[PDB]
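Structure first, then comments.
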Amino acid sequence: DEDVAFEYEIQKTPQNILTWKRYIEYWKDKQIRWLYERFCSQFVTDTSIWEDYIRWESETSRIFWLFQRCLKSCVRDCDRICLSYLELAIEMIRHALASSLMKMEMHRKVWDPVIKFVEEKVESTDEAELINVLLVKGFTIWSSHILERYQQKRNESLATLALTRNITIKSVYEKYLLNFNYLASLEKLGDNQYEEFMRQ
Amino acid sequence: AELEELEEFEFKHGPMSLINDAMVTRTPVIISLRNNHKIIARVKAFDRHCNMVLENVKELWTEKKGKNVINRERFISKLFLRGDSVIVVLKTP
Amino acid sequence: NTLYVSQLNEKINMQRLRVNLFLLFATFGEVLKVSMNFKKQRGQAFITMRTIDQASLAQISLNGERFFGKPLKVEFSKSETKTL
Amino acid sequence: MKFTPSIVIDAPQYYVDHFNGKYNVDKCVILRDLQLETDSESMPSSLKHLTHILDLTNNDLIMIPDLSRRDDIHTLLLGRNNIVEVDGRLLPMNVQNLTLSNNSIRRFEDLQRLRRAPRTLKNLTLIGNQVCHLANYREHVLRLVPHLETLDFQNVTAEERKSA
Amino acid sequence: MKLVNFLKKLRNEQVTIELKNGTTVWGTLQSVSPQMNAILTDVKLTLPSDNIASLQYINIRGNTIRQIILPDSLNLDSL
Amino acid sequence: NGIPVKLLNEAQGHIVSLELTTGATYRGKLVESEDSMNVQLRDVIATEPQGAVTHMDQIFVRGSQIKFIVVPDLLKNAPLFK
Amino acid sequence: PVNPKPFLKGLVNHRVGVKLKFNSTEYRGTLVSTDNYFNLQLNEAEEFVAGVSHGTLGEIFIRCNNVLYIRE
Amino acid sequence: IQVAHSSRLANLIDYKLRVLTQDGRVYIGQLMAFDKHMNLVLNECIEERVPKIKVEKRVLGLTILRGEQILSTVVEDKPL
Amino acid sequence: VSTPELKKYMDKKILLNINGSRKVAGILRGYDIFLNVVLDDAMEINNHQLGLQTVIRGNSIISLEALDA
RNA sequence: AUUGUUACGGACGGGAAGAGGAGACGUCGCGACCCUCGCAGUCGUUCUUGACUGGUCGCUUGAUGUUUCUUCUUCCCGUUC
């Protein structure tokens with residue numbers, strides 16, 4: 001067969017991702033998948049390679065697996081990856097975001113975007129988002145964390161909103177802070193006690 | 001704008017009017033060509049220079065050497081026939 | 001780099017001769033010169049090579065080699081070529 | 001090393017041989033001193049890119065291997081090789097200008113693949129081997145390979161043909 | 001206004017075209033121009049029934065292409 | 001503007017061969033060049049595909065029906081490109 | 001005095017005769033309308049292939065580039 | 001035959017291209033220049049005839065090709 | 001737009017060779033940008049005369065040898 | 001300290017022989033009794049610069065595009081069933 005030859009080529013000497021290309025790009029499909037993945041496992045732990053693998057894989061489960069693989073060994077293009085994770089989450093959103101963060105902790109815009117999903121939440125896509133939120137909550141919750149990580153005032157507000165969907169926001173405000181503390185107290189209360197807290 | 005815009009209604013008044021009508025209300029038409037050809041199809045789109053798009057394209061031509069007539073046929077659909085080759089088109093009842 | 005040939009068969013045609021030369025000189029190294037510049041024939045041909053070593057080798061080996069009846073007199077060029 | 005696809009890919013196909021055609025390929029890092037001990041395998045990697053002038057000289061090629069269409073390797077240079085026998089049905093019409101100098105063609109019967117040349121090989125030269133030293137070798141060549149115009153730089157004349 | 005516009009919008013799709021010589025040649029459209037200067041990536045040829053004598057790449061001029069086929073079965077032009 | 005046209009203009013006073021739709025291959029001097037590819041020649045030979053070759057004093061050729069126009073090897077890189 | 005386009009205009013809603021170079025066939029029908037590029041549209045069209053008719057077509061359209069002439 | 005995924009006429013300048021004409025005579029040559037009508041200046045023209053079986057050869061021109069009668073150019077092999 | 005240089009060929013007899021194997025001949029009187037050559041003679045090919053002056057269309061004038069250099 | 005896109009046994013082929021494909025026009029090749037004599041050709045004019053560029057004869061059955069007219073038998077060599 002033609003596979004044996006390919007294998008031999010791969011073995012004899014490394015040609016700077018040439019053998020891999022020969023294996024995968026000529027076939028691609030199953031065979032190609034088998035090849036490229038194997039190659040990845042063997043030697044190269046590059047970002048581009050990972051991306052390629054992911055593309056090849058591209059169902060939801062498969063995508064997730066690909067993402068996981070990418071996450072395993074990825075130093076240079078971490079921020080970029082994080083975006084991908086976030087996207088995946090949106091389509092396990094909160095979870096995805098968390099994963100992205102873990103991969104590459106620069107990332108203010110991304111954080112803001114993530115928050116805005118929370119705001120929106122407060123059809124399939126929507127469902128996915130909801131699921132992600134739920135996951136985050138379970139983990140905790142996630143949105144709040146993201147906000148904290150992340151303009152600051154805006155983030156705080158977002159967190160508060162998420163909590164309401166408010167208490168969390170109040171807490172954050174208090175932490176930041178006397179007025180803030182009072183606000184937090186009020187949120188917590190949310191009658192006389194609440195009023196008192198607000199006053200404080 | 002107006003120099004090109006006034007040319008839009010020039011199809012429906014002049015010799016393209018019939019073809020426009022055909023396009024509007026899809027009906028079969030007999031299309032001839034240069035090197036011994038007869039095509040039959042129904043109209044769908046239209047432009048300035050007779051570059052038409054059709055449906056249910058039945059082709060009838062000859063590839064017979066030595067003066068023997070052979071009518072070969074094959075179904076084509078959703079073409080893009082350029083205006084330089086189109087000679088005669090006509091709306092049949 | 002260049003090697004000035006001499007004492008060869010003038011009766012053979014130009015293009016053909018050039019081709020023959022190319023065929024001959026491919027064993028030593030990469031022949032840079034595609035066609036002859038003089039256009040006089042009768043031995044006078046400058047075989048331009050990429051490497052000097054290759055040229056040297058050619059000079060060594062093909063000195064008085066049978067090419068179209070007569071023995072070719074190999075020798076190093078006086079001036080450097082326009083391409084080199 | 002062995003003639004693989006990767007090697008072929010690597011090869012410098014930039015500087016075209018300006019005598020005829022285009023793309024004078026030199027397989028591996030350099031076909032001149034590549035040291036291809038086995039037969040020319042993985043010929044499909046080139047895929048009939050380009051006279052072509054696939055200069056595979058200064059190698060250790062045991063047998064001449066081809067795999068392409070009628071216009072793919074006219075000016076093939078296999079100089080200073082160990083060519084024992086070069087029988088094949090792939091390169092029928094293409095290979096006219098065959099530079100097979102300093103080969104290991106021993107017997108006249110070894111050239112029987114090239115012989116019966118009316119259909120077997122449309123053109124072929126061959127020279128500078130052990131078979132050239134044999135008695136009545138040129139004549140034999142003339143008899144068998146009529147398509148051989150230039151026999152070791154000197155042409156196959158009418159008189160010669162008559163003699164053979 | 002024009003139906004070259006339609007052609008322009010199509011990208012990465014196989015289409016047969018019968019030339020003045022008379023060959024059915026399926027290929028990808030690539031960067032289509034306002035002058036109909038097509039470019040095909042993979043193609044099947046018949047040099048003067050269709051005999052197989054195919055080459056890979058080719059650059060087409062717009063004056064030759066009289067008919068085009070199989071972009072995709074859908075009609076949309078105005079935007 | 002057209003680079004080929006420019007090239008043609010540059011090559012004024014050079015031996016330029018020609019070929020038409022019918023295939024009549026000429027070879028002589030170039031007199032003048034324009035935006036439309038209108039060529040005029042001097043001391044122009046004529047070797048047609050039919051057989052009856054001739055030697056003509058002058059000729060003018062219409063641009064639309066020319067198949068190709070020959071140029072020598074001198075004006076290749078300089079001084080037209082950059 | 002009498003120019004071409006005005007003549008053409010005049011000849012509307014009247015019999016017209018037209019011929020082609022490639023596949024010489026005389027088309028006979030009554031003219032409908034024309035444009036700046038001299039394309040044609042006929043009614044009651046009879047496709048006379050060198051005298052003998054192929055079939056009565058009816059309402060037809062003709063491109064300019066092929067047309068040889070316009071007659072009665 | 002090796003040729004990379006080129007986009008437009010500008011990216012494929014200075015390459016050995018085949019060219020086909022209306023009558024059916026095959027050409028070869030390196031593409032030097034560009035124009036509105038694709039009047040592609042060939043570096044060296046080896047024209048080929050096929051009678052109305054087998055292809056012939058010529059070697060007269062190093063031509064400026066005109067764009068009226070060209071059918072479709074084809075890439076042969078890259079230089080250098 | 002650009003005028004063809006036919007002022008050189010004024011008042012000189014020209015042996016034309018138009019499309020479709022027809023050798024017409026006549027002296028040049030007037031010219032233009034479209035190449036509609038207004039010439040004042042017409043003798044067809046052996047030889048016989050058919051009308052004096054003849055204005056010709058630009059598309060159907062391929063080759064034109066000047067008799068007087 | 002610019003680039004891109006959009007809008008305005010039977011068959012087939014080749015070679016040879018016998019019996020009832022040929023002539024023109026050019027365009028590139030195998031031989032040479034010829035020419036010509038060398039490392040990057042000829043001449044005008046002035047102490048260094050401007051112009052112009054493999055030829056001829058056989059083929060003793062070399063290749064090839066227009067353009068007019070009108071196959072059978074035998075042997076040898078390859079492919080296929």
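If you're wondering about the labels, chains in the structure tokens are A, B, ... by order shown, residues count from 1 in each chain, ligands from 1 in order shown.
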With a cut-off of 9 Å, could you pull out the residues of chain J touching chain D and give me the nearest pair of atoms for each, distance in Å to one decimal, using only C-alpha atoms (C1' of nucleotides), ordered by chain and ascending number, as JSON lines?
```
{"residue": "J:14", "atom": "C1'", "partner": "D:118", "partner_atom": "CA", "distance": 7.1}
{"residue": "J:15", "atom": "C1'", "partner": "D:118", "partner_atom": "CA", "distance": 8.6}
{"residue": "J:30", "atom": "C1'", "partner": "D:157", "partner_atom": "CA", "distance": 8.3}
{"residue": "J:31", "atom": "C1'", "partner": "D:157", "partner_atom": "CA", "distance": 7.7}
{"residue": "J:60", "atom": "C1'", "partner": "D:158", "partner_atom": "CA", "distance": 8.8}
{"residue": "J:77", "atom": "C1'", "partner": "D:116", "partner_atom": "CA", "distance": 7.6}
{"residue": "J:78", "atom": "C1'", "partner": "D:119", "partner_atom": "CA", "distance": 6.4}
```
Based on the selection just made, write N, CA and C atoms (P, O5', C5', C4', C3', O3' and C1' of nucleotides) of those residues as a PDB file, in the first residue's frame.
```pdb
ATOM      1  P     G J  14       1.587   2.220 -39.478  1.00  0.00           P
ATOM      2  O5'   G J  14       3.111   1.759 -39.420  1.00  0.00           O
ATOM      3  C5'   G J  14       4.094   2.579 -38.761  1.00  0.00           C
ATOM      4  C4'   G J  14       5.353   1.791 -38.475  1.00  0.00           C
ATOM      5  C3'   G J  14       6.147   1.327 -39.684  1.00  0.00           C
ATOM      6  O3'   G J  14       6.922   2.395 -40.222  1.00  0.00           O
ATOM      7  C1'   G J  14       5.948  -0.458 -38.153  1.00  0.00           C
ATOM      8  P     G J  15       7.069   2.583 -41.811  1.00  0.00           P
ATOM      9  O5'   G J  15       8.101   1.437 -42.209  1.00  0.00           O
ATOM     10  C5'   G J  15       9.462   1.498 -41.745  1.00  0.00           C
ATOM     11  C4'   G J  15      10.195   0.206 -42.037  1.00  0.00           C
ATOM     12  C3'   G J  15      10.186  -0.278 -43.477  1.00  0.00           C
ATOM     13  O3'   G J  15      11.093   0.452 -44.303  1.00  0.00           O
ATOM     14  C1'   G J  15       9.740  -2.097 -42.050  1.00  0.00           C
ATOM     15  P     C J  30      21.554  17.322 -37.645  1.00  0.00           P
ATOM     16  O5'   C J  30      21.199  15.847 -38.151  1.00  0.00           O
ATOM     17  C5'   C J  30      22.053  14.717 -37.838  1.00  0.00           C
ATOM     18  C4'   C J  30      22.253  13.773 -39.013  1.00  0.00           C
ATOM     19  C3'   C J  30      23.524  13.959 -39.833  1.00  0.00           C
ATOM     20  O3'   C J  30      24.677  13.417 -39.190  1.00  0.00           O
ATOM     21  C1'   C J  30      21.710  13.730 -41.309  1.00  0.00           C
ATOM     22  P     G J  31      26.135  14.037 -39.469  1.00  0.00           P
ATOM     23  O5'   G J  31      26.418  13.627 -40.982  1.00  0.00           O
ATOM     24  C5'   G J  31      27.676  13.042 -41.385  1.00  0.00           C
ATOM     25  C4'   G J  31      27.738  12.876 -42.889  1.00  0.00           C
ATOM     26  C3'   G J  31      28.675  13.826 -43.622  1.00  0.00           C
ATOM     27  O3'   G J  31      30.007  13.317 -43.696  1.00  0.00           O
ATOM     28  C1'   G J  31      26.552  13.842 -44.677  1.00  0.00           C
ATOM     29  P     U J  60      17.584  10.301 -52.169  1.00  0.00           P
ATOM     30  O5'   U J  60      18.671   9.216 -52.598  1.00  0.00           O
ATOM     31  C5'   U J  60      18.620   7.855 -52.110  1.00  0.00           C
ATOM     32  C4'   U J  60      19.992   7.397 -51.671  1.00  0.00           C
ATOM     33  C3'   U J  60      20.550   8.124 -50.450  1.00  0.00           C
ATOM     34  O3'   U J  60      20.422   7.325 -49.274  1.00  0.00           O
ATOM     35  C1'   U J  60      22.178   7.978 -52.244  1.00  0.00           C
ATOM     36  P     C J  77      10.122 -12.833 -36.803  1.00  0.00           P
ATOM     37  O5'   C J  77       9.974 -11.439 -36.048  1.00  0.00           O
ATOM     38  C5'   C J  77      11.135 -10.757 -35.539  1.00  0.00           C
ATOM     39  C4'   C J  77      10.780  -9.379 -35.024  1.00  0.00           C
ATOM     40  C3'   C J  77       9.714  -9.300 -33.941  1.00  0.00           C
ATOM     41  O3'   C J  77      10.220  -9.650 -32.653  1.00  0.00           O
ATOM     42  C1'   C J  77       9.302  -7.630 -35.557  1.00  0.00           C
ATOM     43  P     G J  78       9.219 -10.120 -31.489  1.00  0.00           P
ATOM     44  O5'   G J  78       8.384  -8.797 -31.173  1.00  0.00           O
ATOM     45  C5'   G J  78       8.457  -8.155 -29.883  1.00  0.00           C
ATOM     46  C4'   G J  78       7.686  -6.851 -29.874  1.00  0.00           C
ATOM     47  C3'   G J  78       6.296  -6.895 -29.255  1.00  0.00           C
ATOM     48  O3'   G J  78       6.354  -6.829 -27.831  1.00  0.00           O
ATOM     49  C1'   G J  78       6.195  -5.732 -31.307  1.00  0.00           C
TER      50        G J  78
END
```
Practice problem: Please run DSSP on the backbone and report, as a count of residues only, all residues within segment 105-192 of chain A that come out as alpha helix (DSSP H). | Solution: 73
Exercise. Could you give me, as number ranges by chain, each residue of chain F that DSSP assigns to strand (DSSP E) when run on this structure's backbone?
Key: F: 15-20, 25-30, 39-47, 54-55, 58-61, 66-70
Practice problem: Please determine the contact residues of chain J with respect to chain F at a cut-off of 7 Å, counting only C-alpha atoms (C1' of nucleotides), and supply them as number ranges by chain. | Solution: J: 25-26, 66-67
Quiz prompt | residue 24 of chain B surroundings by only C-alpha atoms (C1' of nucleotides), 12 Å radius, close-in-sequence under 2 positions cut, as a list in words | solution = residues 12, 17, 18, 19, 20, 21, 22, 26, 27, 42, 43, 44, 45, 46, 54 and 91 of chain B
Okay, now the selection with C-alpha atoms, as a PDB file, in the first residue's frame?
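File out11.pdb, as written:
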```pdb
ATOM      1  CA  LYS B  12     -38.961  46.300 -22.114  1.00  0.00           C
ATOM      2  CA  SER B  17     -38.901  43.120 -24.510  1.00  0.00           C
ATOM      3  CA  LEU B  18     -40.021  39.639 -25.539  1.00  0.00           C
ATOM      4  CA  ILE B  19     -37.087  38.046 -23.737  1.00  0.00           C
ATOM      5  CA  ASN B  20     -37.830  40.094 -20.613  1.00  0.00           C
ATOM      6  CA  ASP B  21     -41.432  38.884 -20.750  1.00  0.00           C
ATOM      7  CA  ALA B  22     -40.246  35.291 -21.108  1.00  0.00           C
ATOM      8  CA  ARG B  26     -40.934  31.147 -17.485  1.00  0.00           C
ATOM      9  CA  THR B  27     -41.734  29.460 -20.842  1.00  0.00           C
ATOM     10  CA  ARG B  42     -36.908  28.088 -20.150  1.00  0.00           C
ATOM     11  CA  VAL B  43     -35.750  31.588 -19.098  1.00  0.00           C
ATOM     12  CA  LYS B  44     -34.858  32.699 -15.525  1.00  0.00           C
ATOM     13  CA  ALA B  45     -32.418  35.687 -15.564  1.00  0.00           C
ATOM     14  CA  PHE B  46     -31.434  38.460 -18.015  1.00  0.00           C
ATOM     15  CA  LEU B  54     -32.060  29.238 -18.091  1.00  0.00           C
ATOM     16  CA  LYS B  91     -41.295  32.687 -26.938  1.00  0.00           C
TER      17      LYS B  91
END
```
Practice problem: Name the residues in contact with residue 47 of chain G at a cut-off of 8 Å, using only C-alpha atoms (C1' of nucleotides), excluding same-chain residues fewer than 2 positions from it; report them as a PyMOL selection string. | Solution: chain G and resi 25-28+45+49+53-57
Self-check item: Contact residues around segment 58-75 of chain F with only C-alpha atoms (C1' of nucleotides) at 7 Å, ignoring same-chain residues under 2 positions, as a PyMOL selection string
Solution: (chain F and resi 16-21+36-44+56+77-78) or (chain H and resi 61-66+69) or (chain I and resi 62-66+69)
Output file for the residues above (N, CA, C and O atoms, as a CSV table (one decimal), in the first residue's frame):
```
chain,number,residue,atom,x,y,z
F,16,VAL,N,12.4,43.4,-36.8
F,16,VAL,CA,11.2,42.7,-36.2
F,16,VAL,C,10.4,41.9,-37.2
F,16,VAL,O,9.9,42.4,-38.2
F,17,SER,N,10.4,40.6,-37.0
F,17,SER,CA,9.5,39.7,-37.7
F,17,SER,C,8.0,39.7,-37.2
F,17,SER,O,7.8,40.3,-36.2
F,18,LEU,N,7.1,39.1,-38.0
F,18,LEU,CA,5.7,39.3,-37.8
F,18,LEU,C,4.9,38.0,-38.2
F,18,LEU,O,5.5,37.1,-38.8
F,19,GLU,N,3.7,37.9,-37.8
F,19,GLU,CA,2.8,36.8,-38.3
F,19,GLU,C,1.3,37.3,-38.2
F,19,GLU,O,0.9,37.8,-37.2
F,20,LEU,N,0.5,37.1,-39.3
F,20,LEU,CA,-0.9,37.5,-39.4
F,20,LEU,C,-1.8,36.3,-39.1
F,20,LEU,O,-1.4,35.3,-38.7
F,21,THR,N,-3.1,36.5,-39.3
F,21,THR,CA,-4.1,35.5,-39.2
F,21,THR,C,-3.9,34.4,-40.2
F,21,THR,O,-4.0,33.2,-39.9
F,36,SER,N,-2.6,51.9,-30.7
F,36,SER,CA,-3.1,50.8,-31.5
F,36,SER,C,-1.8,50.2,-32.2
F,36,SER,O,-1.0,51.0,-32.7
F,37,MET,N,-1.7,48.9,-32.3
F,37,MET,CA,-0.4,48.3,-32.7
F,37,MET,C,-0.3,48.3,-34.2
F,37,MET,O,-0.3,47.2,-34.9
F,38,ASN,N,-0.1,49.5,-34.8
F,38,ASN,CA,0.1,49.7,-36.2
F,38,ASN,C,1.5,49.8,-36.6
F,38,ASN,O,2.2,50.7,-36.2
F,39,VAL,N,2.0,48.8,-37.4
F,39,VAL,CA,3.4,48.6,-37.8
F,39,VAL,C,3.6,48.9,-39.2
F,39,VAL,O,2.8,48.5,-40.1
F,40,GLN,N,4.7,49.6,-39.6
F,40,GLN,CA,5.2,49.9,-40.9
F,40,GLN,C,6.6,49.4,-41.0
F,40,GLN,O,7.4,49.6,-40.1
F,41,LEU,N,7.0,48.8,-42.2
F,41,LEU,CA,8.3,48.2,-42.4
F,41,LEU,C,9.1,48.7,-43.6
F,41,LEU,O,8.5,49.3,-44.6
F,42,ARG,N,10.4,48.4,-43.7
F,42,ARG,CA,11.3,48.8,-44.8
F,42,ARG,C,12.1,47.6,-45.2
F,42,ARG,O,12.6,46.8,-44.3
F,43,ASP,N,12.3,47.4,-46.5
F,43,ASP,CA,13.1,46.2,-47.0
F,43,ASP,C,12.6,44.9,-46.5
F,43,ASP,O,13.4,44.0,-46.1
F,44,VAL,N,11.2,44.7,-46.5
F,44,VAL,CA,10.6,43.6,-45.8
F,44,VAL,C,10.4,42.3,-46.7
F,44,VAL,O,9.8,42.4,-47.8
F,56,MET,N,9.7,42.5,-50.6
F,56,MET,CA,8.9,43.7,-50.7
F,56,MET,C,9.7,44.9,-50.2
F,56,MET,O,10.5,44.8,-49.2
F,77,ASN,N,15.6,43.2,-20.1
F,77,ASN,CA,15.5,43.7,-18.8
F,77,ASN,C,15.4,45.3,-18.8
F,77,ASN,O,14.4,45.8,-18.3
F,78,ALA,N,16.4,45.9,-19.4
F,78,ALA,CA,16.5,47.4,-19.4
F,78,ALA,C,16.2,47.9,-20.9
F,78,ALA,O,16.3,47.1,-21.8
H,61,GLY,N,10.7,33.3,-33.3
H,61,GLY,CA,10.4,34.6,-32.5
H,61,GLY,C,10.7,34.5,-31.0
H,61,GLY,O,10.9,33.5,-30.4
H,62,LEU,N,10.9,35.8,-30.5
H,62,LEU,CA,10.9,36.0,-29.0
H,62,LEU,C,9.9,37.2,-28.8
H,62,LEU,O,10.3,38.3,-28.7
H,63,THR,N,8.6,36.8,-28.8
H,63,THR,CA,7.6,37.7,-29.3
H,63,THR,C,6.8,38.5,-28.3
H,63,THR,O,6.7,38.2,-27.1
H,64,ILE,N,6.2,39.6,-28.8
H,64,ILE,CA,5.1,40.3,-28.1
H,64,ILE,C,3.8,39.7,-28.6
H,64,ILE,O,3.4,40.1,-29.8
H,65,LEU,N,3.1,38.9,-27.9
H,65,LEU,CA,1.8,38.2,-28.3
H,65,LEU,C,0.7,39.2,-28.2
H,65,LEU,O,0.6,40.0,-27.2
H,66,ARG,N,-0.2,39.2,-29.2
H,66,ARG,CA,-1.5,40.0,-29.1
H,66,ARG,C,-2.6,39.2,-28.5
H,66,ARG,O,-2.7,37.9,-28.7
H,69,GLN,N,-6.6,36.6,-30.5
H,69,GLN,CA,-6.7,35.2,-30.8
H,69,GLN,C,-6.3,34.2,-29.8
H,69,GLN,O,-6.3,33.0,-30.1
I,62,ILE,N,-5.9,44.4,-44.5
I,62,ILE,CA,-4.9,43.7,-43.7
I,62,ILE,C,-3.5,44.1,-44.1
I,62,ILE,O,-2.7,44.6,-43.3
I,63,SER,N,-3.1,44.0,-45.4
I,63,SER,CA,-1.8,44.2,-45.9
I,63,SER,C,-1.9,45.2,-47.1
I,63,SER,O,-2.8,45.1,-47.9
I,64,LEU,N,-0.9,46.1,-47.1
I,64,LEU,CA,-0.8,47.1,-48.2
I,64,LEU,C,0.6,47.5,-48.5
I,64,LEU,O,1.2,48.4,-47.8
I,65,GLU,N,1.1,47.0,-49.6
I,65,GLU,CA,2.5,47.3,-50.1
I,65,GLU,C,2.5,48.5,-50.9
I,65,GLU,O,1.6,48.7,-51.8
I,66,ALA,N,3.4,49.5,-50.6
I,66,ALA,CA,3.6,50.7,-51.4
I,66,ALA,C,4.4,50.4,-52.6
I,66,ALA,O,5.4,49.7,-52.5
I,69,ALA,N,8.5,53.6,-53.3
I,69,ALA,CA,9.1,53.7,-52.0
I,69,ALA,C,9.4,55.1,-51.6
I,69,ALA,O,9.9,55.4,-50.5
```
Which residues of chain C come within 12 Å of chain J, and what is each one's closest atom pair and distance in Å (one decimal), counting only C-alpha atoms (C1' of nucleotides), sorted by chain and residue number, as a tab-separated table?
```
residue	atom	partner	partner_atom	distance
C:2	CA	J:39	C1'	8.7
C:3	CA	J:39	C1'	8.4
C:4	CA	J:39	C1'	5.9
C:5	CA	J:39	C1'	8.8
C:6	CA	J:38	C1'	8.3
C:7	CA	J:38	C1'	9.9
C:8	CA	J:38	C1'	11.7
C:9	CA	J:32	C1'	11.9
C:10	CA	J:36	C1'	9.7
C:11	CA	J:32	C1'	7.4
C:12	CA	J:31	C1'	9.4
C:13	CA	J:54	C1'	7.1
C:14	CA	J:54	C1'	6.4
C:15	CA	J:54	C1'	9.3
C:16	CA	J:29	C1'	9.8
C:17	CA	J:54	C1'	11.2
C:36	CA	J:40	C1'	9.6
C:37	CA	J:40	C1'	6.9
C:38	CA	J:40	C1'	6.6
C:39	CA	J:54	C1'	7.0
C:40	CA	J:54	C1'	7.5
C:41	CA	J:54	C1'	7.8
C:42	CA	J:37	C1'	7.7
C:43	CA	J:38	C1'	8.0
C:44	CA	J:38	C1'	5.9
C:45	CA	J:39	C1'	7.7
C:46	CA	J:39	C1'	6.5
C:47	CA	J:39	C1'	10.1
C:48	CA	J:39	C1'	11.0
C:74	CA	J:39	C1'	12.0
C:75	CA	J:39	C1'	10.0
C:76	CA	J:39	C1'	9.1
C:77	CA	J:39	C1'	5.9
C:78	CA	J:39	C1'	6.6
C:79	CA	J:39	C1'	7.0
C:80	CA	J:40	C1'	8.6
C:81	CA	J:40	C1'	7.0
C:82	CA	J:40	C1'	8.1
C:83	CA	J:40	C1'	10.9
```
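Of note, atom CA of residue 177 of chain A and atom CA of residue 133 of chain A are spaced 27.8 Å apart.
Coordinates place atom CA of residue 86 of chain B at a distance of 20.1 Å from atom CA of residue 15 of chain E.
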Self-check item: Among the residues I:36, I:44, I:68, I:10, the one that comes closest to residue 56 of chain I [using only C-alpha atoms]
Solution: I:36
Closest-contact table, chain J side, partner chain H, 12 Å, counting only C-alpha atoms (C1' of nucleotides), as a tab-separated table:
```
residue	atom	partner	partner_atom	distance
J:3	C1'	H:11	CA	10.4
J:4	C1'	H:7	CA	9.4
J:27	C1'	H:58	CA	7.7
J:28	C1'	H:58	CA	6.8
J:29	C1'	H:57	CA	11.7
J:63	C1'	H:56	CA	9.0
J:64	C1'	H:56	CA	6.5
J:65	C1'	H:51	CA	6.8
J:66	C1'	H:51	CA	9.8
```
